[PDB]
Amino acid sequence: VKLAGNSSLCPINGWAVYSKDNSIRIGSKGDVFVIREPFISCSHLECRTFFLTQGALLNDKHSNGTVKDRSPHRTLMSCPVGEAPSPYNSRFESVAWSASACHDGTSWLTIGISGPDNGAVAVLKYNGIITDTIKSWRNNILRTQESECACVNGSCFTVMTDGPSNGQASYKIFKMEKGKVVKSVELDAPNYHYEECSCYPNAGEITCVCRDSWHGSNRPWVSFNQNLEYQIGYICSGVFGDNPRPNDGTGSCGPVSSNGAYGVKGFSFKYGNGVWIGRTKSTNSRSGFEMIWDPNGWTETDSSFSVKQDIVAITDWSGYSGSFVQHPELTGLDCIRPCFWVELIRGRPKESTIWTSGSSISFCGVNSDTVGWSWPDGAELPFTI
């Protein structure tokens, strides 16, 4: 039976550790894929980590230049949360250098993009058999969430971008059923820029918080109806959510151009006019991670917030982060539990290795008590190479 997405986000107080996979530490000896862009997504029965392999293993020569990003060897695979991604425990999903996936209550939808920069095509699979295809409509690196899509009442939604990461690009919302696109809409968002959206269901509607890699130090958002009727904006808070970014100060309801140029995938959870913001601790690089609660922060410019919970110390590398959700049909709860994962990137460009890969940690909503700490990657580089 299909996931009803009619319920609202769970009220929460802080974040409880959910998983840590230690995949790079383990990979020093074990047979662990070099990966990046990991994300977690759940069905009504299980939780899985998806990731983009480099079609190679840690500490092997084929991991050379894995800083690259796009290649024909890149594949989307998945394994159970918290396990190191290995050829011996990973299920193959799709050939892809950009991806998304989600479960609608019946089976898995995977979205894997491969092909040339000037004509990439997204292959959609429902339960592993191809059900549809979406070709680049601007010939400029068709790309998608790098985190789970969102399902409501048996329809699933994702966001894709085609165009320069460097300026105005084209942004589309897709609605799909049984892995087939049944409707799409191009956002009319001049001066906005959406990339790598973290989307979640909430009371029958989808809310996406994304990355402005053009000129936004705060994060852009799109929420929409099951009919793809949408609204757009940026997060107003002066607690800036992107990286790089300026020191906290007076924010804006539109793209804060100061330091907004490059960005990193992130997420945020909206509760009334407040936001739970996940962000790096560093202002310049992808270091540290922290959760911040600014009530009156989705709509106001206060650079002030109520609660801060440490996730990774400023002294340790982080990377991407994204939302994922646990539905009542899995949980037994009367609401939709907000969770998030963090990618811990090791290797190039920040360190002197021939390779780049990521570990993951994740945390879940929770109304009971919690604590801040540092759960860093933990591997010691360089490797045997």
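Heads up: residue numbers just count along the shown sequence, starting at 1.
Trainee: Look over 294 to 302 and 178 to 186 in the entry and identify the one with the greater average Cα temperature factor.
Mentor: Result of the comparison: 294 to 302.
Trainee: Output the stretch having the higher mean C-alpha B factor in the entry; the candidates are 193 to 201 and 163 to 171.
Mentor: Of 163 to 171 and 193 to 201, the stretch with the higher C-alpha B-factor average is 163 to 171.
Trainee: If you check the C-alpha B-factor for each of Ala84, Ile206, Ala122, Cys156 in the entry, which is highest?
Mentor: The listed residue with the largest C-alpha B-factor is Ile206.
Trainee: Say you rank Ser100, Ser94, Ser237, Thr133 by Cα B-factor from the PDB entry; which sits at the top?
Mentor: Comparing C-alpha B-factors across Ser100, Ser94, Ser237, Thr133, the maximum falls on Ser237.
Trainee: What third of its chain, lowest, middle or highest, does the C-alpha temperature factor of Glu46 fall into?
Mentor: Top third by C-alpha B-factor.
Trainee: Which third, lowest, middle or highest, does the C-alpha temperature factor of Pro72 belong to within its own chain?
Mentor: According to the entry, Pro72 has a C-alpha B-factor in the chain's lowest third.
Trainee: Please say which third, lowest, middle or highest, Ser107 falls into when its CA temperature factor is compared across its chain.
Mentor: Ranked within chain, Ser107 CA B lands in the middle tercile.
Trainee: Based on the entry's values, in what third of the chain does the Cα temperature factor of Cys151 lie: lowest, middle or highest?
Mentor: It belongs to the middle third of the chain when residues are ordered by C-alpha B-factor.
Trainee: Looking at the entry's B-factor column for C-alpha atoms only, identify whether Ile336 ranks in the lowest, middle or highest third of its chain.
Mentor: CA B-factor rank for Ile336: middle third.
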